[PDB]
Amino acid sequence: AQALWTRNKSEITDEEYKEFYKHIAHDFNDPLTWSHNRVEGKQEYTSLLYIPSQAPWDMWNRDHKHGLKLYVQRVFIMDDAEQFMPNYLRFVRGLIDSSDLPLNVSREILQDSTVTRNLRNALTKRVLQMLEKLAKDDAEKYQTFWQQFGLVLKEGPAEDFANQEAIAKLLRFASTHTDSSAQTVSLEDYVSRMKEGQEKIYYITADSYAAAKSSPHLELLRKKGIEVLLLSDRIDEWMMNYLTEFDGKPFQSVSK
């Protein structure tokens, strides 16, 4: 029962990582991906972070116990430590074994420490890096991710200005480009087929895909041969108050 996270990366099999996820998360589904990292110097810790393949049962309950398992110098402090992730990444499971925090660390010390805020931001970037790698390396698994967690990730644009570019690149949308309600379109995809002279990313929000797809505000862009993102989730109108540019291109509602 050697602590998995203390072993060398190159010496841990993929099946050991998936079994360890199931072990620490009480989940019988394999994780989609993970990141195992040892950090030294300014901050010193090991992190092992997982993306589940399925949303947890209590995810939409405010009082969902979530977060990471915290260890200090191999000594267990607490589970479900929410201080290490932003709320839009509350699905991430895993552990942090820190050498910077004191053995008597408390929730009081956690919120007062500049250590925690820096650690949370570093771990955030590690998660975004992991998801970007998944999106590139395994599209089928990324689509599963998006189906399970996209609505949570859409909280990110308002919560986290620092990573807005990275976060935006993880979003997926339906669009007019092909006649399908599948949320397969990335903003990078959209930008890569922008027409000569097109300077904005066009969208419409509606209460459903059907309502979006059949809007008369689409007729004009369909004549210019311009793609329109079809946003039909409850969170979308609100998210678009924060996601106002991408790759230097402003967003524009087709209705205004």
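The residues of the chain are indexed from 1 along the displayed sequence. Side chains are part of it too, since the values below use all heavy atoms of this structure and drop only hydrogens, waters and symmetry mates.
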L131 CG to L32 CG distance, which is reported to the nearest 0.5 Å: 9.0 Å

As a quick check of understanding, evaluate side-chain hydrogen bond (donor to acceptor under 3.5 Å, both in side chains) for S255 and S253, giving each step before the final call. CA-CA 5 Å; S255 78; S253 178; 2.9 Å; yes

Taking the side chain as every heavy atom from C-beta outward, state whether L171 and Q183 have any atom pair closer than 4.5 Å. no

Atom CZ of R234: over 12 foreign heavy atoms under 6.0 Å: no

Check the surroundings of atom CG in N87: do more than 12 heavy atoms from other residues, nucleotides or ligands lie under 6.0 Å from it? yes

Answer yes or no: are there more than 12 heavy-atom neighbours, outside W60 itself, under 6.0 Å from its atom CH2? yes

Can you name the one residue among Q54, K22, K18 that meets side chain to side chain donor-acceptor pair (under 3.5 Å) with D30? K22

Any side-chain donor-acceptor pair under 3.5 Å between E227 and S175? yes

Using modelled atom types and a 3.5 Å cut-off, is there a donor and acceptor pairing between side-chain atoms of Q83 and backbone atoms of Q111? no

Under the side chain to side chain donor-acceptor pair (under 3.5 Å) test, residues paired with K213 that sit two or more places apart: none

Scan side-chain atoms only and decide if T116 and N118 contain a donor-acceptor pair under the 3.5 Å cut-off. no

Check the angle between the aromatic planes of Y50 and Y21 and answer parallel, tilted or perpendicular using the 30° and 60° thresholds. tilted

Name each donor-acceptor pair under 3.5 Å that joins a side chain in residues 70-82 to protein atoms two or more places apart or in another chain, with its distance.
{"unit_1": "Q73", "atom_1": "OE1", "unit_2": "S99", "atom_2": "OG", "d": "2.8"}
{"unit_1": "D80", "atom_1": "OD1", "unit_2": "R93", "atom_2": "NH1", "d": "3.1"}

Go through the steps for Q164 and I167 under the test side-chain contact (heavy atoms from CB on, under 4.5 Å), then give the verdict. CA-CA 5 Å; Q164 214 198 241; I167 294 164; 5.5 Å; no

Kindly state each residue pair satisfying salt bridge (charged side-chain N to carboxylate O under 4.0 Å, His left out) with at least one member in residues 97-124, sequence neighbours excluded. none

Check the pair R38, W5 against side-chain contact (heavy atoms from CB on, under 4.5 Å), reporting the backbone distance first and the verdict last. CA-CA 9 Å; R38 195 159 297 118; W5 65 93; over 6 Å; no

Taking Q43 for its side chain and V115 for its backbone only, find out whether a donor-acceptor pair lies under 3.5 Å. yes

Here the gap from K249 atom NZ to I201 atom CD1, rounded to the nearest 0.5 Å, amounts to 7.0 Å

Before you tell me yes or no, could you show the steps for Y203 and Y190 under ring-ring contact (aromatic ring centres under 6.0 Å, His included), namely the whole-Å CA-CA distance, both residues' side-chain angles and the distance that decides it to 0.1 Å? CA-CA 11 Å; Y203 70 90; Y190 185 104; over 10 Å; no

Here's a test for you: under side chain to side chain contact (heavy atoms under 4.5 Å, CB included), which of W34, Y17, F20 qualifies with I12? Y17

I'd like to know whether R193 forms a side-chain contact (heavy atoms from CB on, under 4.5 Å) with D189, so could you lay out the CA-CA distance, the side-chain angles of the two residues, the decisive distance to 0.1 Å, and finally the verdict. CA-CA 7 Å; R193 63 187 165 243; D189 284 350; 4.1 Å; yes

If every non-hydrogen atom of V127 is compared with every non-hydrogen atom of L89, which pair is closest and at what distance? CG1-CD2, 3.8 Å

Find out if a path of hydrophobic residues (ILVMFWY) with successive side-chain heavy-atom gaps under 4.5 Å connects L95 to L68. no

Sub-4.5 Å side-chain heavy-atom contact between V39 and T46: no

Passes ring-ring contact (aromatic ring centres under 6.0 Å, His included), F145 versus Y142? Steps please. CA-CA 5 Å; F145 169 78; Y142 195 81; 5.2 Å; yes

Rounded to the nearest 0.5 Å, what's the gap from CD on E165 to CD on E245? Could you check? 11.5 Å

Can you check salt bridge (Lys or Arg N to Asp or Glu O under 4.0 Å) on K65 and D58, steps first, answer last? CA-CA 8 Å; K65 285 199 189 194; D58 47 349; over 6 Å; no

